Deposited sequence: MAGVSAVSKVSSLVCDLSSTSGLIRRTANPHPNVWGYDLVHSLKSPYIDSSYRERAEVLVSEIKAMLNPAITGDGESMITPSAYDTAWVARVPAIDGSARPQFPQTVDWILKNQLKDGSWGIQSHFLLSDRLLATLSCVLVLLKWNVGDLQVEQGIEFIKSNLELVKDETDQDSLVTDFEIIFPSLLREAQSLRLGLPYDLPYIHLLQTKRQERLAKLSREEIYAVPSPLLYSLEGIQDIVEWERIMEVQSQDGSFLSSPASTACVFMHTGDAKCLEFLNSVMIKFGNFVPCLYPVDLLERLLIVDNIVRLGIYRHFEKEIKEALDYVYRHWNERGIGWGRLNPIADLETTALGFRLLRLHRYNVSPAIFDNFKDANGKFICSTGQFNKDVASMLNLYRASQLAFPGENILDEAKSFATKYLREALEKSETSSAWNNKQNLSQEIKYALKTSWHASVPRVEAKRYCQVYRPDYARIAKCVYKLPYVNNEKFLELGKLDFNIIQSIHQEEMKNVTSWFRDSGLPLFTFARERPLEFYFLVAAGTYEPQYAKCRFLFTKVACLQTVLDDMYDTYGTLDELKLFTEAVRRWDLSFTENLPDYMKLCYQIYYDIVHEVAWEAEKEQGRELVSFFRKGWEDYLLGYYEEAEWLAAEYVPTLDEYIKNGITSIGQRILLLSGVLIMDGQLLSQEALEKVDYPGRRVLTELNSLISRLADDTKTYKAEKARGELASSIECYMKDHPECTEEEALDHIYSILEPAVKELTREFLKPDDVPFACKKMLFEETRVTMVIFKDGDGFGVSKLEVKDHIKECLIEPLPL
């Protein structure tokens, strides 16, 4: 550890060829995504054999005895899998194969063709149905399986196909079907668009076709389902229905997907994945183009996965809310009123979709601004839902286990967005992201623009390049620390890597090396100043040191004890090196501004020193006032933020994020740091807890702690708004301040009062800065 560990590191990814390879990946990715955000190749989605077979049913509109779309028949005949089923070969899901195979077998029979495919299709259905012993064996269910399959299977039964119609599992499905159909308002199907419009082909005996057009989508589809739309068409001859089938055939050629379009959801999944992989900074233009389009279609009623959906979708709406707000678009969490009742519902659709909706709601809820009570409710509700989902047997289906759903859920619940290490989360996601990820709706499908090899390849490479660059910086850091004189103060612990990590883990970009470096010097100085003021020094010594702080005269230190003479000199050098760099970057005078900041900080320390010497316990108001200034986060933050390559902060601009006395970014960080620190430790002079109990003699320790959190929680919402707020402050500066707060919040998370876990601090440095991703 320390100097020796760091200088032994030898990362290959520093060589310029790796960055050059990464730039080819970036260009290839932009080319791949171009049709999805700029062109017309939108909605890239795999075939649905099940839906294709429904479209193949439509008889020629000229009245002749052939299909209107004979290419779909040809497709089906040519795409049977080796086991006799239809579906995507890479991923086997019983309900998907059962539904799709029975659908294809029936359409082939209609047109009197593919006798061999039909024979093999029937064998698969019969064979696999007889393997189901109990419920646990059915696996994950595609959308509305319980409703559609009994209906489709009755159709087969009327044709007397050789299927096991009398199996227990079959009877169970009918039972489940009746159960779903009971809670159904029939009269409302025609008045209020609902999830069931996605599967009309499964409830033909219920639907009055002459009334169903009122809930048709503007593009002629029924909830974007080709199968469902085709069904309505054969019953009504509706022209807009036909136009929708035509548009889908024109787009895909000889097949259809199970959802079309998916323009809104797809765009958001692309951005989500790019962001979580840590590679967003390469694709600013594409992310703006994607989100601008989503925002154009953002409305008070929420959004569906496609822009023409007649009803909003919680999964897509919650994802959109989060990404839009995260990217500084103005959205209101009142859109979640659309998914309420007399509160929330979303306990109806297919399981994976329901879980995805609640994960997205849970995540969106963490981006709350002050006074946004509905997000507080959303959080509670989503948390409760997700905790229950873990206890559900569906969560442990073979399919869900293969995708580690329970792990994803558990990880989501233990993960607080505010208390996160950004570089570490991206690293972890590169380890979970799947190029061949399969999703569920009416059938199993993939979105190749969202899930592919290139994303991951760039993700891993980019992470390793960034990390190797940081490893070289850590050599400079440790090299500087060693010759700095700081190691001489043996009453203070040496933590240069921990302070480096504090900034590098959030502000990682290669151009901000000077920012990380100066930040690390100041934090190293501060830990020594801190131990000097609250532990090592005597009041009389500290009065002398505090006086020299006021004078800014090196010659004046002749009065000080030897150890303080040295401390003053290092302090004086570091302050003025930071100042010089800042003036270089900013092009204006900043020495006076920095000196004032250091004065306030250390006078704060001295006031605290006087309190200790007098065994004085301040009121909580006094404690907080002093603690915001003396915790020293402010002057530390300024020492990094004013020296970010190419980021100009006028005085006016700076005062929007730094202004002692106001609730701006640096002030909120100071307050949050002080209190998150107290809540984390305090048990191990006097803290905020102890101060409240002096102010309120009768209150318990529990009441005292609870009150501290009542100050914390609102502060964190304000931090979030100040960060994301639109303004004329360089966003990179705001992000630096925010990300430093986030890493701080990781360090002090879960405040039981015992103290900080030093062992986990090290593990974070290891994961983030030491060990690369395997390629």
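Stretches of the deposited sequence lacking C-alpha coordinates, numbered from 1: 1-34, 377-378, 721-726.
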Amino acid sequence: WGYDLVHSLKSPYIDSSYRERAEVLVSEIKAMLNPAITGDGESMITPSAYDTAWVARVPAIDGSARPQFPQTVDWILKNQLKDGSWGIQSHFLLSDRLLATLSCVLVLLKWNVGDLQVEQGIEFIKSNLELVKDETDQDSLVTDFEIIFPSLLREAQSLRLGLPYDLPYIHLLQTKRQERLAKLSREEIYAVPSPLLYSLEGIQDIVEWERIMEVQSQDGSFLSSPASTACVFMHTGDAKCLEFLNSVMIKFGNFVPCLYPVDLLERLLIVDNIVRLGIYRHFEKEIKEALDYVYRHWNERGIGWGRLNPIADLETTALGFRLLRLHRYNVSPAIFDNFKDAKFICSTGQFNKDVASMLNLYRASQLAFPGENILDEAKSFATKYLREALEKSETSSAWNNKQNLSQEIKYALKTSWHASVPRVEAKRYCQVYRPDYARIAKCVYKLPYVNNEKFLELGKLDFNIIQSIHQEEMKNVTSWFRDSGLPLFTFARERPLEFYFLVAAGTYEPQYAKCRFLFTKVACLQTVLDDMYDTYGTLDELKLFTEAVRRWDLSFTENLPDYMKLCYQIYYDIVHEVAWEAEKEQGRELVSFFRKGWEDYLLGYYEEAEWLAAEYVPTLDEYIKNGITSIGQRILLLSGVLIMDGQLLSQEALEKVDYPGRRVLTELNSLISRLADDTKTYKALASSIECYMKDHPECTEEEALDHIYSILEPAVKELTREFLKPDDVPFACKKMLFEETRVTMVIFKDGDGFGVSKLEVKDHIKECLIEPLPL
From here on, numbers count along this sequence of modelled residues.
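The records show that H576 is included in the coordinate set of every other eligible entry of this protein, so it is not omitted in a third of them. In the other compared entries of this protein that model both flanking residues, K343 lacks coordinates in at least a third of them. Look at the C-alpha B-factors of 348-356 and of 312-320. On average they run higher in 348-356.
Set 240-248 against 175-183 and average the Cα temperature factors; 175-183 ends up higher. The maximum CA B-factor among the listed residues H282, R634, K543, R428, taken from the PDB record, is found at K543. Among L116, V232, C524, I287, the highest C-alpha B-factor recorded in the PDB entry belongs to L116. For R211, the recorded CA B-factor ranks within the middle third of the chain. Only modelled residues enter the ranking. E722 sits in the middle third of its chain by CA B factor, as recorded in the PDB entry.
Remark: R57 belongs to the middle third of its chain, ranked by C-alpha B-factor as recorded.
Sort the chain's modelled residues by C-alpha temperature factor and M44 lands in the highest third, per the entry. Among the modelled residues of its chain, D292 has a C-alpha B-factor that falls in the lowest third according to the deposited record.
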